[PDB]
J.: 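Dumping the structure here so I can ask a few things about it.
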4 protein chains.
Amino acid sequence: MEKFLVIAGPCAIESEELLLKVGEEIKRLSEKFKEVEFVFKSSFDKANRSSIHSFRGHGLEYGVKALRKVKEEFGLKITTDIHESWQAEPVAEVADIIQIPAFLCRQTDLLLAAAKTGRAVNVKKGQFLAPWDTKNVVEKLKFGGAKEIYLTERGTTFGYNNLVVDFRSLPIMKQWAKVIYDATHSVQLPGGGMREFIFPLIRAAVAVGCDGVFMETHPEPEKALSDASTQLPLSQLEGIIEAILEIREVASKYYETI
Amino acid sequence: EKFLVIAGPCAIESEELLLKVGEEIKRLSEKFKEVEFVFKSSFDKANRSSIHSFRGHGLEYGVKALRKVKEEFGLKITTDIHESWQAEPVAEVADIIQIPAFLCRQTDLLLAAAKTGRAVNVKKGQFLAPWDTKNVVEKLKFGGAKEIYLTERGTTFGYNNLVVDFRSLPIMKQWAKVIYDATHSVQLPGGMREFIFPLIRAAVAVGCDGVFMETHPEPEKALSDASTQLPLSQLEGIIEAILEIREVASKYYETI
Amino acid sequence: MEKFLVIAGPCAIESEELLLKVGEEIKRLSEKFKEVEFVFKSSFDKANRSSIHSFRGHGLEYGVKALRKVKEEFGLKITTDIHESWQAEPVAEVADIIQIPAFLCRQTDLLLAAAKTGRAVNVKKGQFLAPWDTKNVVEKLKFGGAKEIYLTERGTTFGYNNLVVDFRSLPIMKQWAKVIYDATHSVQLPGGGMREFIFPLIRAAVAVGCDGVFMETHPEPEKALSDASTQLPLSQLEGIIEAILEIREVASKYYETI
Amino acid sequence: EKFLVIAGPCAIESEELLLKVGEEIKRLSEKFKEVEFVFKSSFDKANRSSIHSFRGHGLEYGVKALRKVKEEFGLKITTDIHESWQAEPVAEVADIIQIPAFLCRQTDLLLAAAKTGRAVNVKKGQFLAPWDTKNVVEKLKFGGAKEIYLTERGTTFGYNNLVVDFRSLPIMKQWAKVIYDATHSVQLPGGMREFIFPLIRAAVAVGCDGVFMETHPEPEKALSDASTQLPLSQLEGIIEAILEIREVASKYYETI
Ligand SMILES: O=C(O)[C@@H](CO)OP(=O)(O)O
Ligand SMILES: O=C(O)[C@@H](CO)OP(=O)(O)O
Ligand SMILES: O=C(O)[C@@H](CO)OP(=O)(O)O
Ligand SMILES: O=C(O)[C@@H](CO)OP(=O)(O)O
């Protein structure tokens with residue numbers, strides 16, 4: 001079985017300190033769960049918040065420098081998201097995996113900018129996109145030179161201010177890329193979020209079969225500057241990870257062949 | 001209480017077919033003692049899209065064939081009703097009376113079912129939000145029902161498509177035992193066999209009280225739900241798989 | 001141009017008196033709007049309420065007798081809905097148009113029970129049904145002997161507790177039956193309702209093109225026993241009808257040919 | 001203020017095509033003096049599903065061709081931007097800067113557009129509820145924009161389908177002028193020409209401040225939105241139709 005990916009970290013780079021605190025914990029779990037490839041995630045810019053008054057971040061320069069500290073202090077791989085083509089090059093200096101936001105999954109130039117860096121690229125599936133329509137997204141990355149591609153399931157528009165997770169997307173997308181399940185954005189209520197469903201839905205994802213999971217986690221979610229109602233309390237991370245590795249193991253012999 | 005597996009051919013195509021399927025379910029029944037098996041088949045497909053499609057052989061012949069399965073194999077029975085008058089005659093043989101998803105809000109049908117003293121399983125309508133099943137349960141309690149089940153079978157997602165919102169499992173559990181219907185949840189109304197097993201794995205990882213699966217020795221030849229009925233020979237493997245997943249996952253099912 | 005249909009009346013037969021009061025007003029409008037075919041509607045049983053504690057009605061016998069009074073006192077056509085096959089025969093004694101509830105639009109026996117009465121049949125399109133899938137519904141009625149058939153647009157499931165009206169359904173369904181737009185149920189919030197959208201959406205319906213409209217109306221909606229937030233104040237009916245006849249007239253030369 | 005009609009070929013396939021279309025719009029412009037016509041064409045289809053599809057001839061060539069239309073015919077101009085840097089160069093020719101629907105929440109793009117001093121039209125995202133456009137308008141006001149439009153273009157309805165919820169027209173009007181996009185609202189993402197005219201009739205019966213329509217002398221030969229671009233010759237008839245409907249219906253538009 002392939003090394004399972006767990007992408008995790010605070011939603012936003014609130015400070016270099018917050019980063020070091022989560023990083024410390026992620027490093028501890030990586031030493032325990034040696035069958036997992038851990039990737040530390042945090043955004044240097046929440047460029048698509050609903051409100052002009054909401055927290056965005058401290059800028060690209062500061063964020064890359066704080067992620068670089070996490071990588072240097074803990075030896076952890078790094079992923080962060082870009083919003084315009086010009087950011088691909090500077091971010092690629094620290095990011096092992098460049099993330100493409102869900103609203104931007106069809107922006108050709110942004111995808112090509114990420115792909116020519118030589119870094120892996122993970123595209124969040126747009127809330128508007130059918131799972132079979134990710135085939136062209138992967139084709140655009142492969143055309144642009146990307147050799148390691150991920151597609152992340154994060155819910156689909158289901159009426160107003162609600163997302164539903166159609167688990168059929170996991171085996172469908174697996175036909176053309178590795179698949180990541182985003183356990184924290186899939187339960188958000190666009191323009192909101194329900195923490196009580198994070199755990200059940202992530203159990204469903206590993207029972208269906210995916211190649212990794214993505215989770216935002218913060219020492220104190222209620223105090224977070226972004227995604228306060230969906231970020232997972234840091235102390236709860238180890239137990240969630242153990243549970244998914246257990247459920248994955250027992251379901252794995254039944255995963256179907258693409 | 002023990003995990004429920006409700007299984008059988010979609011339609012009572014013949015007393016014979018029920019006996020063949022009944023035999024295999026009897027067999028699995030002896031192999032998996034911790035599971036409560038309930039044999040299912042419909043005496044009438046009362047809501048087919050086309051007037052030219054197979055409906056069945058009538059309630060009399062159907063109850064007779066189901067009686068034969070219960071007598072011959074000792075299996076509990078479940079079938080669905082479509083109008084209030086059918087509840088009492090079906091209750092002579094059915095341990096569980098099933099309410100069709102389009103009929104989940106028909107007050108008299110629910111009350112007629114509750115009045116028989118039998119257990120009632122209501123398929124959640126494709127139009128119903130999970131929190132709105134609380135009133136469904138309340139109707140049945142008011143009607144005297146004491147063993148109540150709610151079955152997840154997908155929700156309307158645009159035209160000719162259903163999506164399973166797994167958040168409904170924990171929500172519905174606040175007021176009834178919850179069953180996951182593995183075969184209708186992937187059908188395309190007005191489906192895809194390849195998604196049956198993956199989604200049933202999800203349902204037990206999330207946590208449910210039972211699973212519902214239509215099965216037929218030769219699905220391609222079935223007269224109803226031909227595209228989604230599970231081949232009978234695959235049933236054992238899927239049941240063992242979900243008992244294994246449940247065993248591990250149950251440690252994590254959230255309290256009520 | 002065909003005589004436009006306006007189906008209207010109180011949601012439920014709260015009393016024979018309420019019926020006579022609305023009937024009086026509908027009769028007055030029928031004398032004014034002679035280009036409209038008016039049909040008086042009221043249910044003898046709200047058989048599918050969400051709550052066991054909600055108002056259902058005073059029974060079939062009482063309801064048919066109250067509708068028969070309206071027909072006899074005002075000379076108005078009558079429509080009411082059935083819920084089980086056995087009710088088709090007694091209701092057909094008074095109802096010119098037998099209505100099939102939206103949740104029951106695929107119940108074969110109920111449709112055949114209505115069709116063999118020789119009365120017109122109007123089927124509410126299920127909130128789960130695609131517009132092209134009404135073709136088989138009409139085929140079932142024609143097979144059962146119905147010679148005058150209507151399909152009513154009343155919204156489609158759009159996430160939880162919300163309905164959306166896809167106006168493309170009007171020209172699609174028109175391929176096989178006369179089409180009615182239900183102005184009051186289309187704005188209800190299943191398991192709720194928004195009165196402010198009734199008027200705009202009914203203007204859209206006649207600009208697209210339909211063969212009639214359906215509206216629930218009560219002298220005092222807030223006091224209604226069913227659909228209190230969507231029933232139209234009776235005093236507002238005349239002005240709505242004048243507006244739709246005006247918009248219909250001006251749009252009509254552009255209605256496309258089926 | 002007067003009713004807006006924004007029209008033109010989806011993509012700047014060539015300075016020529018724009019001139020042919022510009023000529024017809026100039027003509028209608030003289031025929032319908034109460035209407036403010038705005039000529040539209042995209043210099044880059046930056047979000048095509050396939051890497052092998054037509055994107056265009058670049059921003060430079062595009063701004064040049066649009067400048068030619070404004071110089072030659074005196075028509076106001078609108079085109080869309082895809083990244084913040086494009087706002088200032090596009091603002092030399094565009095009276096209205098268009099924000100793509102997938103990019104309606106990208107704060108910097110909205111701010112870059114507002115900073116040019118031009119009017120801004122934001123296509124409402126297929127994922128956005130109508131009440132959630134209030135924050136979109138607030139971003140643009142904060143950015144200095146004073147003439148703001150919100151365009152209805154359909155909402156995600158299951159997979160590969162959009163539905164127009166007309167309730168959004170009156171809701172969005174509380175905070176901006178509202179335009180109805182008649183051609184993308186009926187496209188099937190990842191459409192149907194037969195529904196364009198019926199839905200545009202609905203939009204003016206409900207009440208909007210303008211309509212948006214892509215038009216091409218020969219849609220079948222277009223390099224983008226070939227399935228939905230309106231044949232140029234049909235444009236006059238549809239504009240006269242909607243002015244007639246609006247004239248009658250406007251008596252009933254609800255206050256703000
Ligand atoms: O993970 C996040 O921080 C965001 C941005 O990429 O994800 P999404 O676009 O899926 O909301
Ligand atoms: O299980 C079935 O036979 C049918 C009828 O009860 O189910 P549903 O109503 O969910 O289609
Ligand atoms: O008009 C009504 O009173 C009801 C019942 O027929 O309609 P619907 O089923 O469309 O909710
Ligand atoms: O009108 C268009 O050219 C496109 C781009 O702005 O529209 P939308 O983003 O609505 O697809």
Side-chain angles (χ1 to χ4, degrees), chain A residues 7 9-12 41-43 45-48 79-83 99-106 122-127 152-155 163 182 184-186 188 190 214-216 226-227, chain B residues 105, chain C residues 7 9-12 41-43 45-48 79-83 99-105 122-127 152-155 163 182 184-186 188 190 214 216 226-227, chain D residues 6 8-11 40-47 78-82 98-105 121-126 151-154 162 181 183-185 187 189 212 214 224-225:
Chain A
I7 300 170
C11 177
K41 183 282 174 170
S42 199
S43 302
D45 185 19
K46 302 319 296 195
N48 69 159
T79 181
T80 196
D81 54 326
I82 58 172
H83 317 281
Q99 176 179 130
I100 300 309
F103 295 151
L104 308 180
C105 63
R106 262 236 251 156
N122 173 21
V123 184
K124 298 294 211 60
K125 173 167 54 64
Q127 298 85 335
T152 296
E153 168 58 46
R154 53 92 75 239
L163 300 172
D182 183 329
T184 45
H185 289 110
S186 297
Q188 257 160 41
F214 167 113
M215 307 175 270
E216 296 193 322
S226 53
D227 278 355
Chain B
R105 290 238 318 240
Chain C
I7 300 170
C11 177
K41 183 282 174 170
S42 199
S43 302
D45 185 19
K46 302 319 296 195
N48 69 159
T79 181
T80 196
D81 54 326
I82 58 172
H83 317 281
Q99 176 179 130
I100 300 309
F103 295 151
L104 308 180
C105 63
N122 173 21
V123 184
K124 298 294 211 60
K125 173 167 54 64
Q127 298 85 335
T152 296
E153 168 58 46
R154 53 92 75 239
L163 300 172
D182 183 329
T184 45
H185 289 110
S186 297
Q188 257 160 41
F214 167 113
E216 296 193 322
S226 53
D227 278 355
Chain D
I6 296 168
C10 178
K40 185 271 179 187
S41 202
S42 292
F43 61 83
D44 178 32
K45 301 320 295 186
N47 67 168
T78 187
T79 195
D80 53 323
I81 56 175
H82 312 96
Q98 194 184 105
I99 298 300
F102 294 150
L103 312 185
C104 68
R105 290 238 318 240
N121 181 189
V122 183
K123 297 296 207 68
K124 171 166 56 63
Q126 295 92 330
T151 298
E152 165 64 43
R153 54 99 69 239
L162 292 172
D181 181 333
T183 44
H184 294 96
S185 288
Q187 61 178 33
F212 175 107
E214 300 193 333
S224 179
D225 283 345

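In what follows, every chain begins at residue 1, and chains take the letters A, B, ... in the order their sequences are listed. Atoms within a ligand are numbered from 1 in the order they appear, just like the ligands themselves. For the numbers below, each heavy atom of this structure counts, side chains included, while hydrogens, waters and symmetry mates do not.
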J.: Checking C:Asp45 now: which residues fulfil salt bridge (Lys or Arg N to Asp or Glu O under 4.0 Å) with it, not counting sequence neighbours?
T.: C:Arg56
J.: Could you tell me which residues satisfy side-chain hydrogen bond (donor to acceptor under 3.5 Å, both in side chains) with C:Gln188, sequence neighbours excluded, listed by chain and number?
T.: C:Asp227, C:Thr230
J.: Measure the NE2-CG distance between D:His82 and D:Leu103 for me, rounded to the nearest 0.5 Å.
T.: 7.0 Å
J.: Return the protein residues near ligand 4 (heavy atom under 4.0 Å from any of its atoms), ordered by chain and residue number.
T.: D:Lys40, D:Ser42, D:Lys45, D:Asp80, D:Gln98, D:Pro100, D:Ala101, D:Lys123, D:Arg153, D:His184, D:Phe212, D:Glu214
J.: In Å, rounded to the nearest 0.5 Å, how long is the span from SG of A:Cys11 to NZ of A:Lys46?
T.: 3.5 Å
J.: Looking at A:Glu153 and A:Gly155, would you say the former's side chain and the latter's main chain have a donor-acceptor pair under 3.5 Å?
T.: yes
J.: In chain order, what residues pass the side-chain contact (heavy atoms from CB on, under 4.5 Å) check against C:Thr152, with sequence neighbours excluded?
T.: C:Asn122, C:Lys124, C:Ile180, C:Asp182
